[PDB]
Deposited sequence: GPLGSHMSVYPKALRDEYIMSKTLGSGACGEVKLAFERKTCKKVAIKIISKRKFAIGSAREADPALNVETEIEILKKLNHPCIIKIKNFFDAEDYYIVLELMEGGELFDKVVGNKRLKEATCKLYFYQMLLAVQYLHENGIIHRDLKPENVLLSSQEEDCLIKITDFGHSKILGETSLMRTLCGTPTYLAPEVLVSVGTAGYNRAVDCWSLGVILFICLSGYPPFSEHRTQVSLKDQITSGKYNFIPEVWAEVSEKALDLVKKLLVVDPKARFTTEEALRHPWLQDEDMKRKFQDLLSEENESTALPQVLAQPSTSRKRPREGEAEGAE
């Protein structure tokens, strides 16, 4: 009881659903190559604007866009699907795999912040794996909730005498420009789930409200589970799941952390990178 717009249909051959909410597999007619088409029912203009400008190997790339009776966003296909499907229902990833994926999430999020973009909705369902192999490339998706940086409204206000300026505004100055720390919290919640198989904060088998657990920063620590996990890995989690956003670890601090000082891991990612990049490598000036 619905059709695809003529414009989309002219360029792509639509196929099977990859993930409803919907995301469909499609074939670009010109190349005969698999693509992914994200259908948004009728903020998307901001998302396209962000996507088009951003260029990193661990951030999803926009290939095409259709503004019809619904929104159609053509993206590169990720054959591994969602990271969520690897962690769902107490399923746990090996420490090495966690590092390989985490490192990439850190590089991706560092890039975003470097470029003044805050994702705001990082989750295992927004981290996509490139292949059905455990040693693969990851890419960050869903820039729907993303925000463009600048405390510009406060900065403009501060340029004047605060004769008439309310105290709450002068108070906010202390915290202002730490909105990006929300993404480091999120990564910290992601890293906990990956390593343990379980969430740090939940309403399962507890009296304390999800709100209170988070505000206090008192995560559920199950020793039996974490015993199979290194002290370095847990130290990093502890460093990102810090209530004070000014005290919280940045992507830079996390990347400098001992847990990430792994040359084997760094080499594997570089090998996966060159493997992807080998297909489109133009001969070069020597």
Query raised in the report: Given the full deposited sequence, which segments carry no C-alpha coordinates?
Result: 1-6, 28-30, 52-66, 311-329
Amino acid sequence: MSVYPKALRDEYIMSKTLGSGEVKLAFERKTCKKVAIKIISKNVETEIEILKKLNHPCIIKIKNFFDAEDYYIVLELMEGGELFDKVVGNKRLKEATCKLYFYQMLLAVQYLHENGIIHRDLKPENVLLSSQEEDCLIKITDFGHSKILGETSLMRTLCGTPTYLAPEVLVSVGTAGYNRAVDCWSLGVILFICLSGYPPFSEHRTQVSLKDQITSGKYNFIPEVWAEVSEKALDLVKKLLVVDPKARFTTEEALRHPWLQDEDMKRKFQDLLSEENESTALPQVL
From here on, numbers count along this sequence of modelled residues.
Query raised in the report: When the other PDB entries of this protein are compared, is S274 left blank in at least a third of them?
Result: no
Query - Entries skipping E151: at least a third of other ones - result: yes
Requested in this report: Output the stretch having the higher mean C-alpha B factor in the entry; the candidates are 131-139 and 107-115.
Outcome: 131-139
Report summary line: Comparing 91-99 with 166-174, the higher average Cα temperature factor in the PDB entry belongs to 91-99
Query - Selection by C-alpha B-factor (highest) of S202, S146, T215, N126 - result: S202
Report task. Tell me, please, which of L255, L240, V44, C32 has the highest C-alpha B factor according to the deposited entry? Result -> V44
Query - Third of the chain's Cα B-factor distribution that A247 belongs to, per the entry - result: lowest
Report summary line: The third of the chain into which the C-alpha temperature factor of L122 falls is the lowest
Report task. Could you look up the Cα B-factor of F84 in the entry and say which third of the chain it sits in: lowest, middle or highest? Result -> middle
Requested in this report: Can you work out whether the C-alpha temperature factor of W185 puts it in the lowest, middle or highest third of the chain?
Outcome: lowest
Query raised in the report: When the modelled residues of the chain are sorted by Cα temperature factor, does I40 land in the lowest, middle or highest third?
Result: highest
